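A lone chain, given as structure tokens: the form deposited in one PDB entry.
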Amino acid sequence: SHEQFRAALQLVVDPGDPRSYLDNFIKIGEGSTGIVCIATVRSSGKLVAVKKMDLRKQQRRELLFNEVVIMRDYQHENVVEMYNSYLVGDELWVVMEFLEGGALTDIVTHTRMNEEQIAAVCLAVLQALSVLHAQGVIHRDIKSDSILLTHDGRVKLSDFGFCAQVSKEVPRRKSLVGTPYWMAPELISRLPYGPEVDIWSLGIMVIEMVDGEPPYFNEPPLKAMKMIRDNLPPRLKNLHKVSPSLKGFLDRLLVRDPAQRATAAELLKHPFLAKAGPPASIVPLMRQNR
């Protein structure tokens, strides 16, 4: 039943109608299902990012709860800050921080990040997942699309709609969730995965940074998934452009056996990351510079 779902969500959103304190809506996106917009908090003149999800169009509607789970988190400096959530009409509205630098994806598919920048980005994404795996939170949809930027190179993880909660009574999961191309092998396989799948996906994302696209990017999302399950871990198209160190870091990530795949905890010290450049290194990467 819809109305019972709505009711249940009603209990987790802030009450009321933010349509009353916001204006200058500017559409700019498509993800989850439903739009990303930008608006101006009337009271302060400040900019937010408003994400609207129709409750009627969702693959698994109760994944909607998860969204709002990262309330008041961390508030982590590498996590997109959420401010509020409302129910409005037949939609969920999440009102969060505005990330004026756009996503990483545009960068990954228009330029060639050098390793100082790769490092940086992984630094900030790891510094993030560590905390999350620590308090049980899986993300489940890591990719360049899910990474966000500021006009000054601060990097923040985002798009938490797919994430999951785990404790020691309830550690593992089974759900097929994620973007095909980036899914950890156990997950296509359907197995009792944990946080470690975030590590796998980041490796695919490193490929993004390096090569511009993920493995098997042209293959039907369907059959590319098999390749990701049977196959020996994927070629880096431009391996010759990358330092042994980078490939050595990457090797800790793309292990077919999850037990051997490194943890963010492990990874945060692996020497490659000594390469990580300041936020200001990322700036000439963003569209404006070019």
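From 1 onward, residues are counted along the sequence shown. Just so we're on the same page, rigid core means the largest C-alpha set that superposes within 1.5 Å between forms.
Quick note: we don't show the form deposited in another entry, though the next part is all about it.
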Worksheet entry | Core-superposed comparison between this form and the one not shown - Cα displaced by 2 angstroms or more, from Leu148, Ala119, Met113, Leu87 | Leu87
Worksheet item: On a core-based superposition, does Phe217 travel 2 Å or more at its Cα between this form and the one not shown?
Response: no
Discussion item. Tell me whether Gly45 is among the residues that move between this form and the one not shown (Cα shift of 2 angstroms or more, core superposed).
Written reply: yes
Worksheet item: Relative to the superposed rigid core, does the CA atom of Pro18 travel 2 Å or more between this form and the one not shown?
Response: yes
Practice prompt. Might you say whether the CA atoms of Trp93 and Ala103 end up closer or farther apart in that other deposited form than in this form? Their distance differs by 3 Å or more.
Written response: farther
Fill in: Closer or farther in that other deposited form, the Cα atoms of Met71 and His139, when the shift from this form is 3 Å or more
closer
